[PDB]
file work.pdb (PDB, C-alpha atoms and all ligand atoms)
ATOM      1  CA  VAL A   1      11.457  83.174   0.769
ATOM      2  CA  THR A   2      14.141  85.813   1.402
ATOM      3  CA  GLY A   3      16.602  86.887  -1.264
ATOM      4  CA  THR A   4      17.306  89.449  -3.964
ATOM      5  CA  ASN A   5      14.679  91.020  -6.199
ATOM      6  CA  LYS A   6      15.004  90.005  -9.848
ATOM      7  CA  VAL A   7      13.046  90.646 -13.031
ATOM      8  CA  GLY A   8      12.546  87.530 -15.115
ATOM      9  CA  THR A   9      10.738  86.929 -18.386
ATOM     10  CA  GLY A  10       8.046  84.439 -19.376
ATOM     11  CA  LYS A  11       5.191  83.730 -21.780
ATOM     12  CA  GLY A  12       1.603  83.900 -20.603
ATOM     13  CA  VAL A  13      -1.334  81.629 -21.394
ATOM     14  CA  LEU A  14      -1.901  83.585 -24.609
ATOM     15  CA  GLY A  15       1.723  83.194 -25.704
ATOM     16  CA  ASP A  16       2.639  86.806 -24.952
ATOM     17  CA  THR A  17       5.918  87.852 -23.309
ATOM     18  CA  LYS A  18       5.658  89.401 -19.833
ATOM     19  CA  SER A  19       8.159  90.788 -17.315
ATOM     20  CA  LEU A  20       8.035  89.005 -13.965
ATOM     21  CA  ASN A  21       9.207  90.102 -10.530
ATOM     22  CA  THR A  22      10.913  87.147  -8.902
ATOM     23  CA  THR A  23      13.135  86.570  -5.885
ATOM     24  CA  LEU A  24      16.579  84.970  -6.003
ATOM     25  CA  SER A  25      17.486  82.609  -3.172
ATOM     26  CA  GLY A  26      20.287  80.101  -3.474
ATOM     27  CA  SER A  27      20.436  78.951  -7.081
ATOM     28  CA  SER A  28      16.698  79.358  -7.668
ATOM     29  CA  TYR A  29      14.266  82.131  -8.574
ATOM     30  CA  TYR A  30      10.833  82.071  -6.951
ATOM     31  CA  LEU A  31       7.564  83.627  -8.098
ATOM     32  CA  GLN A  32       7.615  86.084  -5.206
ATOM     33  CA  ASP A  33       7.110  89.807  -5.759
ATOM     34  CA  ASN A  34       8.725  92.113  -3.188
ATOM     35  CA  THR A  35       8.415  95.327  -5.187
ATOM     36  CA  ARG A  36       4.931  96.312  -4.022
ATOM     37  CA  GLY A  37       3.157  97.183  -0.782
ATOM     38  CA  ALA A  38       1.809  93.627  -0.617
ATOM     39  CA  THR A  39       3.842  90.517  -1.393
ATOM     40  CA  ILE A  40       2.642  88.418  -4.295
ATOM     41  CA  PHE A  41       3.196  84.673  -4.058
ATOM     42  CA  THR A  42       2.361  82.147  -6.781
ATOM     43  CA  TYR A  43       2.195  78.393  -6.110
ATOM     44  CA  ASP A  44       1.955  75.184  -8.120
ATOM     45  CA  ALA A  45      -0.659  72.603  -7.131
ATOM     46  CA  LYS A  46       0.871  70.055  -9.545
ATOM     47  CA  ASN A  47      -2.630  69.219 -10.784
ATOM     48  CA  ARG A  48      -3.812  67.914  -7.430
ATOM     49  CA  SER A  49      -6.727  69.014  -5.251
ATOM     50  CA  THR A  50      -4.425  70.505  -2.621
ATOM     51  CA  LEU A  51      -3.759  74.064  -1.454
ATOM     52  CA  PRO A  52      -1.762  76.171  -1.640
ATOM     53  CA  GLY A  53       0.873  73.915  -3.173
ATOM     54  CA  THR A  54       4.596  74.538  -3.609
ATOM     55  CA  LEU A  55       5.957  78.073  -4.080
ATOM     56  CA  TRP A  56       7.026  78.287  -7.713
ATOM     57  CA  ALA A  57      10.776  77.813  -8.156
ATOM     58  CA  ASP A  58      12.726  78.189 -11.415
ATOM     59  CA  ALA A  59      16.367  77.623 -12.353
ATOM     60  CA  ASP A  60      17.134  80.318 -14.936
ATOM     61  CA  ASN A  61      14.464  82.971 -14.251
ATOM     62  CA  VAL A  62      13.029  82.326 -17.730
ATOM     63  CA  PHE A  63       9.480  80.963 -17.677
ATOM     64  CA  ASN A  64       8.871  79.967 -21.295
ATOM     65  CA  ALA A  65       7.821  76.359 -20.696
ATOM     66  CA  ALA A  66       4.173  75.596 -21.485
ATOM     67  CA  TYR A  67       3.640  74.592 -17.852
ATOM     68  CA  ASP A  68       4.775  78.078 -16.808
ATOM     69  CA  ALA A  69       2.058  79.966 -18.714
ATOM     70  CA  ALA A  70      -0.619  79.715 -16.017
ATOM     71  CA  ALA A  71       1.896  80.811 -13.369
ATOM     72  CA  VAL A  72       3.206  83.747 -15.437
ATOM     73  CA  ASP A  73      -0.209  85.417 -15.885
ATOM     74  CA  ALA A  74      -1.408  84.630 -12.356
ATOM     75  CA  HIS A  75       1.712  86.299 -10.973
ATOM     76  CA  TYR A  76       1.669  89.250 -13.392
ATOM     77  CA  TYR A  77      -2.048  90.060 -13.346
ATOM     78  CA  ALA A  78      -2.308  89.813  -9.549
ATOM     79  CA  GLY A  79       0.293  92.576  -9.367
ATOM     80  CA  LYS A  80      -1.585  94.627 -11.957
ATOM     81  CA  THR A  81      -4.835  94.362  -9.994
ATOM     82  CA  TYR A  82      -2.856  95.575  -6.992
ATOM     83  CA  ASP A  83      -1.405  98.481  -8.996
ATOM     84  CA  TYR A  84      -4.871  99.620 -10.085
ATOM     85  CA  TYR A  85      -6.356  99.837  -6.576
ATOM     86  CA  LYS A  86      -3.206 101.418  -5.110
ATOM     87  CA  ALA A  87      -2.626 103.918  -7.917
ATOM     88  CA  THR A  88      -6.277 104.902  -8.295
ATOM     89  CA  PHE A  89      -7.697 104.815  -4.766
ATOM     90  CA  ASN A  90      -4.464 104.465  -2.785
ATOM     91  CA  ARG A  91      -5.664 101.163  -1.336
ATOM     92  CA  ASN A  92      -2.992  98.875   0.080
ATOM     93  CA  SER A  93      -4.190  95.458  -1.102
ATOM     94  CA  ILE A  94      -7.550  93.735  -0.497
ATOM     95  CA  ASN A  95      -7.766  94.618   3.205
ATOM     96  CA  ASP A  96      -6.135  98.041   2.765
ATOM     97  CA  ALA A  97      -3.477  96.768   5.174
ATOM     98  CA  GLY A  98      -0.983  95.112   2.843
ATOM     99  CA  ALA A  99      -2.431  91.587   2.997
ATOM    100  CA  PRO A 100      -0.305  89.299   0.778
ATOM    101  CA  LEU A 101      -1.746  88.111  -2.518
ATOM    102  CA  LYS A 102      -1.313  84.383  -3.032
ATOM    103  CA  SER A 103      -2.345  82.434  -6.114
ATOM    104  CA  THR A 104      -2.268  78.709  -6.837
ATOM    105  CA  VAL A 105      -2.229  77.494 -10.428
ATOM    106  CA  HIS A 106      -2.598  73.972 -11.850
ATOM    107  CA  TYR A 107      -5.275  73.108  -9.294
ATOM    108  CA  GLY A 108      -7.125  69.873  -9.980
ATOM    109  CA  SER A 109      -7.220  68.239 -13.398
ATOM    110  CA  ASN A 110      -9.037  70.007 -16.242
ATOM    111  CA  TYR A 111     -10.808  72.121 -13.634
ATOM    112  CA  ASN A 112     -12.951  74.739 -15.396
ATOM    113  CA  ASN A 113     -13.037  77.241 -12.537
ATOM    114  CA  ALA A 114     -11.050  80.053 -10.939
ATOM    115  CA  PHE A 115     -12.026  81.733  -7.686
ATOM    116  CA  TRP A 116     -11.031  83.658  -4.575
ATOM    117  CA  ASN A 117     -11.522  81.123  -1.761
ATOM    118  CA  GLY A 118     -11.510  83.658   1.056
ATOM    119  CA  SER A 119      -7.724  83.754   1.475
ATOM    120  CA  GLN A 120      -6.203  83.178  -1.972
ATOM    121  CA  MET A 121      -6.721  82.766  -5.712
ATOM    122  CA  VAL A 122      -7.182  79.232  -7.041
ATOM    123  CA  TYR A 123      -6.952  78.507 -10.778
ATOM    124  CA  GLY A 124      -7.730  75.488 -12.916
ATOM    125  CA  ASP A 125      -6.294  74.841 -16.375
ATOM    126  CA  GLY A 126      -9.628  74.328 -18.088
ATOM    127  CA  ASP A 127     -10.562  71.406 -20.320
ATOM    128  CA  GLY A 128      -9.185  73.019 -23.463
ATOM    129  CA  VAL A 129     -12.649  73.113 -25.006
ATOM    130  CA  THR A 130     -14.702  75.561 -22.918
ATOM    131  CA  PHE A 131     -11.774  77.129 -21.052
ATOM    132  CA  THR A 132      -8.010  77.475 -21.270
ATOM    133  CA  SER A 133      -5.925  78.187 -18.144
ATOM    134  CA  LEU A 134      -8.188  80.663 -16.356
ATOM    135  CA  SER A 135      -5.313  82.931 -15.273
ATOM    136  CA  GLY A 136      -5.011  84.252 -18.822
ATOM    137  CA  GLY A 137      -7.972  86.539 -18.218
ATOM    138  CA  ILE A 138      -7.202  89.813 -16.458
ATOM    139  CA  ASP A 139     -10.896  90.740 -16.135
ATOM    140  CA  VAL A 140     -11.589  87.398 -14.420
ATOM    141  CA  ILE A 141      -8.777  88.019 -11.938
ATOM    142  CA  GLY A 142      -9.786  91.630 -11.232
ATOM    143  CA  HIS A 143     -13.313  90.313 -10.686
ATOM    144  CA  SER A 144     -12.281  87.681  -8.139
ATOM    145  CA  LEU A 145      -9.736  90.042  -5.998
ATOM    146  CA  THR A 146     -12.510  92.630  -5.982
ATOM    147  CA  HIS A 147     -14.643  89.991  -4.213
ATOM    148  CA  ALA A 148     -11.976  90.073  -1.518
ATOM    149  CA  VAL A 149     -12.202  93.875  -1.605
ATOM    150  CA  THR A 150     -15.966  93.660  -1.089
ATOM    151  CA  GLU A 151     -15.462  91.167   1.754
ATOM    152  CA  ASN A 152     -13.277  93.759   3.444
ATOM    153  CA  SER A 153     -15.792  96.551   2.812
ATOM    154  CA  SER A 154     -19.579  96.387   2.169
ATOM    155  CA  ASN A 155     -19.589  92.605   2.680
ATOM    156  CA  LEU A 156     -22.592  92.049   0.400
ATOM    157  CA  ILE A 157     -24.332  88.736   1.040
ATOM    158  CA  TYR A 158     -24.016  86.451  -1.983
ATOM    159  CA  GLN A 159     -27.804  86.124  -2.263
ATOM    160  CA  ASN A 160     -30.471  87.694  -4.471
ATOM    161  CA  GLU A 161     -29.940  91.392  -5.280
ATOM    162  CA  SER A 162     -27.083  91.867  -2.799
ATOM    163  CA  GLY A 163     -25.323  89.010  -4.556
ATOM    164  CA  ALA A 164     -26.134  90.214  -8.070
ATOM    165  CA  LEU A 165     -24.776  93.620  -7.065
ATOM    166  CA  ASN A 166     -21.718  91.895  -5.563
ATOM    167  CA  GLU A 167     -21.086  90.201  -8.927
ATOM    168  CA  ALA A 168     -21.753  93.390 -10.890
ATOM    169  CA  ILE A 169     -19.239  95.376  -8.831
ATOM    170  CA  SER A 170     -16.678  92.679  -9.576
ATOM    171  CA  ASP A 171     -17.458  92.789 -13.314
ATOM    172  CA  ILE A 172     -17.227  96.596 -13.326
ATOM    173  CA  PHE A 173     -13.836  96.533 -11.623
ATOM    174  CA  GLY A 174     -12.524  93.510 -13.508
ATOM    175  CA  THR A 175     -13.148  95.437 -16.709
ATOM    176  CA  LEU A 176     -11.650  98.601 -15.202
ATOM    177  CA  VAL A 177      -8.471  96.646 -14.422
ATOM    178  CA  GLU A 178      -8.514  95.291 -17.994
ATOM    179  CA  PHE A 179      -8.551  98.908 -19.189
ATOM    180  CA  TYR A 180      -5.862  99.912 -16.674
ATOM    181  CA  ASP A 181      -3.406  97.411 -18.144
ATOM    182  CA  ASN A 182      -4.708  98.180 -21.646
ATOM    183  CA  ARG A 183      -5.084  94.420 -22.042
ATOM    184  CA  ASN A 184      -7.150  94.792 -25.255
ATOM    185  CA  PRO A 185     -10.001  96.618 -23.393
ATOM    186  CA  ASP A 186     -13.697  95.902 -23.858
ATOM    187  CA  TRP A 187     -16.902  95.448 -21.859
ATOM    188  CA  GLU A 188     -17.102  91.681 -22.247
ATOM    189  CA  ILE A 189     -16.141  89.344 -19.401
ATOM    190  CA  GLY A 190     -13.670  86.470 -19.797
ATOM    191  CA  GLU A 191     -13.290  86.763 -23.564
ATOM    192  CA  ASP A 192      -9.578  85.871 -23.369
ATOM    193  CA  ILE A 193     -10.194  82.479 -21.749
ATOM    194  CA  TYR A 194     -13.685  81.396 -22.788
ATOM    195  CA  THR A 195     -13.791  78.760 -25.554
ATOM    196  CA  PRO A 196     -10.193  78.695 -26.879
ATOM    197  CA  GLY A 197     -11.469  77.520 -30.261
ATOM    198  CA  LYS A 198     -14.447  79.798 -30.932
ATOM    199  CA  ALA A 199     -13.549  83.482 -31.228
ATOM    200  CA  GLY A 200     -15.756  86.502 -30.624
ATOM    201  CA  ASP A 201     -17.642  85.017 -27.677
ATOM    202  CA  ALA A 202     -17.451  85.635 -23.937
ATOM    203  CA  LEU A 203     -18.832  84.595 -20.537
ATOM    204  CA  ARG A 204     -21.222  87.548 -20.361
ATOM    205  CA  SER A 205     -21.691  91.008 -21.838
ATOM    206  CA  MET A 206     -21.791  94.328 -19.998
ATOM    207  CA  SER A 207     -22.529  96.201 -23.218
ATOM    208  CA  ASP A 208     -25.411  93.904 -24.109
ATOM    209  CA  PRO A 209     -26.390  91.473 -21.315
ATOM    210  CA  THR A 210     -29.185  89.974 -23.443
ATOM    211  CA  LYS A 211     -26.565  88.790 -25.946
ATOM    212  CA  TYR A 212     -26.082  85.800 -23.643
ATOM    213  CA  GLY A 213     -29.573  85.764 -22.185
ATOM    214  CA  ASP A 214     -28.973  88.102 -19.247
ATOM    215  CA  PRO A 215     -31.415  90.781 -17.958
ATOM    216  CA  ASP A 216     -30.662  94.317 -19.144
ATOM    217  CA  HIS A 217     -33.652  95.813 -17.342
ATOM    218  CA  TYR A 218     -35.172  95.243 -13.901
ATOM    219  CA  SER A 219     -38.450  94.038 -15.443
ATOM    220  CA  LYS A 220     -36.626  91.102 -17.024
ATOM    221  CA  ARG A 221     -34.933  89.989 -13.804
ATOM    222  CA  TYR A 222     -34.749  86.351 -12.688
ATOM    223  CA  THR A 223     -37.065  85.773  -9.729
ATOM    224  CA  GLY A 224     -36.132  82.279  -8.570
ATOM    225  CA  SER A 225     -34.238  80.244  -5.989
ATOM    226  CA  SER A 226     -31.620  79.019  -8.452
ATOM    227  CA  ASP A 227     -28.081  80.436  -8.434
ATOM    228  CA  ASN A 228     -28.496  82.066  -5.013
ATOM    229  CA  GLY A 229     -31.345  84.167  -6.383
ATOM    230  CA  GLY A 230     -30.015  84.535  -9.919
ATOM    231  CA  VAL A 231     -26.779  86.175  -8.754
ATOM    232  CA  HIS A 232     -24.877  85.610 -12.034
ATOM    233  CA  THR A 233     -27.713  86.632 -14.341
ATOM    234  CA  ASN A 234     -29.319  89.617 -12.601
ATOM    235  CA  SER A 235     -25.863  91.215 -12.499
ATOM    236  CA  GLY A 236     -26.537  92.097 -16.134
ATOM    237  CA  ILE A 237     -28.914  94.777 -14.894
ATOM    238  CA  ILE A 238     -26.283  96.679 -12.914
ATOM    239  CA  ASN A 239     -23.599  95.901 -15.517
ATOM    240  CA  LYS A 240     -25.675  97.550 -18.254
ATOM    241  CA  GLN A 241     -26.200 100.522 -15.919
ATOM    242  CA  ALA A 242     -22.444 100.747 -15.353
ATOM    243  CA  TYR A 243     -21.837 100.570 -19.101
ATOM    244  CA  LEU A 244     -24.352 103.351 -19.773
ATOM    245  CA  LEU A 245     -22.882 105.605 -17.059
ATOM    246  CA  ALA A 246     -19.394 105.205 -18.523
ATOM    247  CA  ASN A 247     -19.972 105.225 -22.292
ATOM    248  CA  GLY A 248     -23.466 106.677 -22.541
ATOM    249  CA  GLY A 249     -26.259 105.595 -24.845
ATOM    250  CA  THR A 250     -30.015 105.357 -25.293
ATOM    251  CA  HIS A 251     -31.759 102.461 -23.571
ATOM    252  CA  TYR A 252     -35.502 102.112 -22.946
ATOM    253  CA  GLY A 253     -36.104 105.719 -23.972
ATOM    254  CA  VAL A 254     -33.544 107.080 -21.509
ATOM    255  CA  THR A 255     -30.512 108.729 -23.118
ATOM    256  CA  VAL A 256     -27.454 108.761 -20.863
ATOM    257  CA  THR A 257     -24.375 110.923 -21.408
ATOM    258  CA  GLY A 258     -21.301 108.934 -20.418
ATOM    259  CA  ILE A 259     -19.138 110.457 -17.699
ATOM    260  CA  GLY A 260     -16.136 108.214 -18.319
ATOM    261  CA  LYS A 261     -14.858 104.954 -16.830
ATOM    262  CA  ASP A 262     -12.619 106.758 -14.333
ATOM    263  CA  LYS A 263     -15.554 108.542 -12.722
ATOM    264  CA  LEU A 264     -17.484 105.263 -12.784
ATOM    265  CA  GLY A 265     -14.796 103.543 -10.709
ATOM    266  CA  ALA A 266     -14.628 106.485  -8.300
ATOM    267  CA  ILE A 267     -18.387 106.454  -7.707
ATOM    268  CA  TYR A 268     -18.698 102.682  -7.212
ATOM    269  CA  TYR A 269     -15.586 102.375  -5.075
ATOM    270  CA  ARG A 270     -16.875 105.104  -2.766
ATOM    271  CA  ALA A 271     -20.405 103.694  -2.696
ATOM    272  CA  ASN A 272     -19.092 100.204  -1.933
ATOM    273  CA  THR A 273     -16.732 101.409   0.807
ATOM    274  CA  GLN A 274     -18.786 104.182   2.442
ATOM    275  CA  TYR A 275     -22.451 103.379   1.717
ATOM    276  CA  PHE A 276     -23.398  99.857   0.613
ATOM    277  CA  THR A 277     -24.246  97.378   3.366
ATOM    278  CA  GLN A 278     -24.571  93.583   3.448
ATOM    279  CA  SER A 279     -28.184  93.517   2.271
ATOM    280  CA  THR A 280     -28.003  96.365  -0.243
ATOM    281  CA  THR A 281     -30.707  96.019  -2.883
ATOM    282  CA  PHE A 282     -30.758  97.598  -6.351
ATOM    283  CA  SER A 283     -32.847 100.649  -5.395
ATOM    284  CA  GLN A 284     -30.603 101.095  -2.349
ATOM    285  CA  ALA A 285     -27.611 100.692  -4.656
ATOM    286  CA  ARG A 286     -29.025 103.580  -6.697
ATOM    287  CA  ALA A 287     -29.359 105.660  -3.546
ATOM    288  CA  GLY A 288     -25.742 105.033  -2.522
ATOM    289  CA  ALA A 289     -24.320 105.578  -6.011
ATOM    290  CA  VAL A 290     -26.106 108.929  -6.308
ATOM    291  CA  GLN A 291     -24.913 110.047  -2.869
ATOM    292  CA  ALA A 292     -21.341 109.058  -3.715
ATOM    293  CA  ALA A 293     -21.462 111.003  -6.996
ATOM    294  CA  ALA A 294     -22.924 113.889  -5.000
ATOM    295  CA  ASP A 295     -19.950 113.924  -2.622
ATOM    296  CA  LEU A 296     -17.447 113.634  -5.459
ATOM    297  CA  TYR A 297     -19.001 116.082  -7.911
ATOM    298  CA  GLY A 298     -21.623 118.168  -6.119
ATOM    299  CA  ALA A 299     -25.326 117.518  -5.525
ATOM    300  CA  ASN A 300     -26.392 119.497  -8.597
ATOM    301  CA  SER A 301     -23.903 118.040 -11.065
ATOM    302  CA  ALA A 302     -23.888 116.478 -14.514
ATOM    303  CA  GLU A 303     -22.505 113.311 -12.927
ATOM    304  CA  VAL A 304     -25.321 112.891 -10.400
ATOM    305  CA  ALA A 305     -27.732 113.481 -13.287
ATOM    306  CA  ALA A 306     -26.082 110.701 -15.336
ATOM    307  CA  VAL A 307     -26.190 108.363 -12.345
ATOM    308  CA  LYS A 308     -29.952 108.790 -12.091
ATOM    309  CA  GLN A 309     -30.338 108.355 -15.860
ATOM    310  CA  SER A 310     -28.372 105.094 -15.898
ATOM    311  CA  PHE A 311     -30.530 103.509 -13.223
ATOM    312  CA  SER A 312     -33.786 104.731 -14.756
ATOM    313  CA  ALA A 313     -32.642 103.294 -18.095
ATOM    314  CA  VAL A 314     -32.318  99.838 -16.522
ATOM    315  CA  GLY A 315     -35.538 100.147 -14.540
ATOM    316  CA  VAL A 316     -34.081 100.871 -11.105
ATOM    317  CA  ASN A 317     -35.572 103.927  -9.408
TER     318      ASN A 317
HETATM  319 CA    CA B   1      12.699  78.039 -16.496
HETATM  320 CA    CA B   2     -10.069  92.164 -23.536
HETATM  321 CA    CA B   3     -13.070  91.924 -21.137
HETATM  322 CA    CA B   4     -13.756  82.454 -27.211
HETATM  323 ZN    ZN B   5     -17.834  86.677  -8.919
END
call {"tool": "encode", "arguments": {"input": "work.pdb", "output": "structure tokens"}}
result
Amino acid sequence: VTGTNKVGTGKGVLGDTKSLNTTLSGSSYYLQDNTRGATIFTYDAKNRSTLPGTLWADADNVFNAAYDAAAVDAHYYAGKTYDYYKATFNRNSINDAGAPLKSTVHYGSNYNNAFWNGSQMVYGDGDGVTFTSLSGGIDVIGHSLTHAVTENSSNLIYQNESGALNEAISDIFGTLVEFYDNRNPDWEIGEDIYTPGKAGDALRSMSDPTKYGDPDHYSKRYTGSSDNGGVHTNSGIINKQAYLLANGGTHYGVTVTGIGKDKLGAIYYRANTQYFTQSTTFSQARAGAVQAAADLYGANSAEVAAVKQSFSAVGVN
């Protein structure tokens, strides 16, 4: 759509007020953001298994209706994920070429899943029990757009260790985006959307992978065909490593001194864009991460030391 930029207001999935960038055309306001280097579109699938759906249109530029919630967050958070990458690494969208960011909410009926399908974000509204509208989780969104980022960079195959690393990178950056927007920061994934009723729980833990039965050390890795080689469980290994590198701690004898989340992002972004390949394994991931930290902070630095410590702590060498 083509019109005038406007700033509307709405309430997200969690009932919080957010400022939205909309476009005014005719007597309607559309969920179209024209304020950033990449246009952000948000569609409505009207609870049908169709894509992308109709571009969200509103009459008064006030999205406070319950049906709006999913759209509000999807539109807002997508822009925030864009802000993080642009502000921090000066990356212009997923393909570093201004590719538009489209999102479709209200997909399917009680669909408990949200994902980047290769060209856009697709969100379900959950079944109310195990999930609420999945767009209410900034870490989940950062995770998914990062997948696009990886597709346009290292292109890690979603299989075995390459896949587990692919997932880890997404978790690391999803959390980093959560911190960027100060959206009640933590190292747990999907806490804001998982089980609307039960509080305190999450999809998985970066601080303590074993809290949900995930490997926090290479020795305890899943060695089977299921889940594309345990992609979603073995990611706990790298996630723990990432956590240790950022915050520091003692794990399996090894005592790591945290170098901060900012340096963490710098190291992984560089490693993923200038070193990691499609079949990168964990040990190779260690190699690339160390080299990246070497470039950014000097071969004989405290950072490079901490990188090595983190991997040794989780059993990768
Ligand atoms: Ca309205
Ligand atoms: Ca949080
Ligand atoms: Ca979180
Ligand atoms: Ca919960
Ligand atoms: Zn993922």
call {"tool": "residues_around", "arguments": {"input": "work.pdb", "residues": "region 38-44 of chain A", "least_positions_apart": "5", "cutoff": "9 Å", "atoms": "all atoms listed in the file", "output": "number ranges by chain"}}
result
A: 30-33, 51-57, 71-72, 74-75, 78-79, 82, 92-93, 97-107
call {"tool": "resolve_selection", "arguments": {"input": "work.pdb", "expression": "the PyMOL selection byres (((chain A and resi 174-191) around 6) and not hetatm)", "output": "PyMOL selection string"}}
result
chain A and resi 137-140+142-143+170-173+192-194+202-207
call {"tool": "atom_distance", "arguments": {"input": "work.pdb", "atom1": "CA of residue 238 (chain A)", "atom2": "CA of residue 250 (chain A)"}}
result
15.6 Å
call {"tool": "residues_near_ligand", "arguments": {"input": "work.pdb", "ligand": "ligand ZN 5 (chain B)", "cutoff": "9 Å", "atoms": "all atoms listed in the file", "output": "MDAnalysis selection string"}}
result
chainID A and resid 115:116 140 143:144 146:147 163 166:171 231:232
call {"tool": "residues_near_point", "arguments": {"input": "work.pdb", "point": "(-26.9, 94.3, -18.5)", "cutoff": "12 Å", "atoms": "all atoms listed in the file", "output": "ChimeraX atom specification"}}
result
/A:164-165,167-168,171-172,187-189,204-221,232-244,251,310-311,313-315
call {"tool": "closest_residue", "arguments": {"input": "work.pdb", "among": "A:274, A:9, A:17, A:95", "to": "residue 58 (chain A)", "atoms": "all atoms listed in the file"}}
result
A:9
call {"tool": "atom_distance", "arguments": {"input": "work.pdb", "atom1": "CA of residue 285 (chain A)", "atom2": "CA of residue 257 (chain A)"}}
result
19.9 Å
call {"tool": "closest_residue", "arguments": {"input": "work.pdb", "among": "A:131, A:29, A:123, A:89", "to": "ligand CA 4 (chain B)", "atoms": "all atoms listed in the file"}}
result
A:131
call {"tool": "atom_distance", "arguments": {"input": "work.pdb", "atom1": "CA of residue 20 (chain A)", "atom2": "CA of residue 7 (chain A)"}}
result
5.4 Å
call {"tool": "closest_residue", "arguments": {"input": "work.pdb", "among": "A:162, A:34, A:47, A:61", "to": "residue 11 (chain A)", "atoms": "only C-alpha atoms"}}
result
A:61
call {"tool": "closest_residue", "arguments": {"input": "work.pdb", "among": "A:109, A:278, A:152, A:283", "to": "residue 91 (chain A)", "atoms": "all atoms listed in the file"}}
result
A:152
call {"tool": "resolve_selection", "arguments": {"input": "work.pdb", "expression": "the PyMOL selection byres (((chain A and resi 228) around 8) and not hetatm)", "output": "list in words"}}
result
residues 158, 159, 160, 163, 225, 226, 227, 229, 230 and 231 of chain A
call {"tool": "axis_aligned_box", "arguments": {"input": "work.pdb", "around": "region 134-145 of chain A", "padding_each_side": "6 Å", "output": "JSON"}}
result
{"center_x": -9.2, "center_y": 86.1, "center_z": -12.4, "size_x": 20.3, "size_y": 23.0, "size_z": 24.8}
call {"tool": "residues_around", "arguments": {"input": "work.pdb", "residues": "residue 88 (chain A)", "least_positions_apart": "2", "cutoff": "9 Å", "atoms": "all atoms listed in the file", "output": "PDB file with C-alpha atoms, keeping the file's coordinate frame"}}
result
ATOM      1  CA  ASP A  83      -1.405  98.481  -8.996  1.00  0.00           C
ATOM      2  CA  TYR A  84      -4.871  99.620 -10.085  1.00  0.00           C
ATOM      3  CA  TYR A  85      -6.356  99.837  -6.576  1.00  0.00           C
ATOM      4  CA  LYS A  86      -3.206 101.418  -5.110  1.00  0.00           C
ATOM      5  CA  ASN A  90      -4.464 104.465  -2.785  1.00  0.00           C
ATOM      6  CA  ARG A  91      -5.664 101.163  -1.336  1.00  0.00           C
ATOM      7  CA  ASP A 262     -12.619 106.758 -14.333  1.00  0.00           C
ATOM      8  CA  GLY A 265     -14.796 103.543 -10.709  1.00  0.00           C
ATOM      9  CA  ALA A 266     -14.628 106.485  -8.300  1.00  0.00           C
TER      10      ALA A 266
END
call {"tool": "residues_around", "arguments": {"input": "work.pdb", "residues": "residue 255 (chain A)", "least_positions_apart": "6", "cutoff": "8 Å", "atoms": "only C-alpha atoms", "output": "PDB file with C-alpha atoms, in the coordinates of the input"}}
result
ATOM      1  CA  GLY A 248     -23.466 106.677 -22.541  1.00  0.00           C
ATOM      2  CA  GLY A 249     -26.259 105.595 -24.845  1.00  0.00           C
ATOM      3  CA  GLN A 309     -30.338 108.355 -15.860  1.00  0.00           C
ATOM      4  CA  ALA A 313     -32.642 103.294 -18.095  1.00  0.00           C
TER       5      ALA A 313
END
call {"tool": "residues_near_ligand", "arguments": {"input": "work.pdb", "ligand": "ligand CA 1 (chain B)", "cutoff": "7 Å", "atoms": "all atoms listed in the file", "output": "list in words"}}
result
residues 58, 59, 60, 61, 62, 63, 64 and 65 of chain A
call {"tool": "decode", "arguments": {"input": "work.pdb", "residues": "region 122-134 of chain A", "atoms": "C-alpha atoms", "output": "mmCIF file, in the first residue's frame"}}
result
data_model
loop_
_atom_site.group_PDB
_atom_site.id
_atom_site.type_symbol
_atom_site.label_atom_id
_atom_site.label_comp_id
_atom_site.auth_asym_id
_atom_site.auth_seq_id
_atom_site.Cartn_x
_atom_site.Cartn_y
_atom_site.Cartn_z
ATOM 1 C CA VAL A 122 3.686 -17.608 10.016
ATOM 2 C CA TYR A 123 2.002 -17.592 13.437
ATOM 3 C CA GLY A 124 -0.701 -19.693 15.039
ATOM 4 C CA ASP A 125 -2.831 -18.616 17.998
ATOM 5 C CA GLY A 126 -2.092 -21.651 20.131
ATOM 6 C CA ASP A 127 -4.663 -23.832 21.871
ATOM 7 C CA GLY A 128 -4.792 -21.667 24.980
ATOM 8 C CA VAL A 129 -3.439 -24.512 27.094
ATOM 9 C CA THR A 130 0.141 -25.128 25.922
ATOM 10 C CA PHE A 131 0.520 -21.909 23.919
ATOM 11 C CA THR A 132 -1.065 -18.492 23.539
ATOM 12 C CA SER A 133 -0.667 -16.499 20.300
ATOM 13 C CA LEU A 134 2.959 -17.266 19.460
#
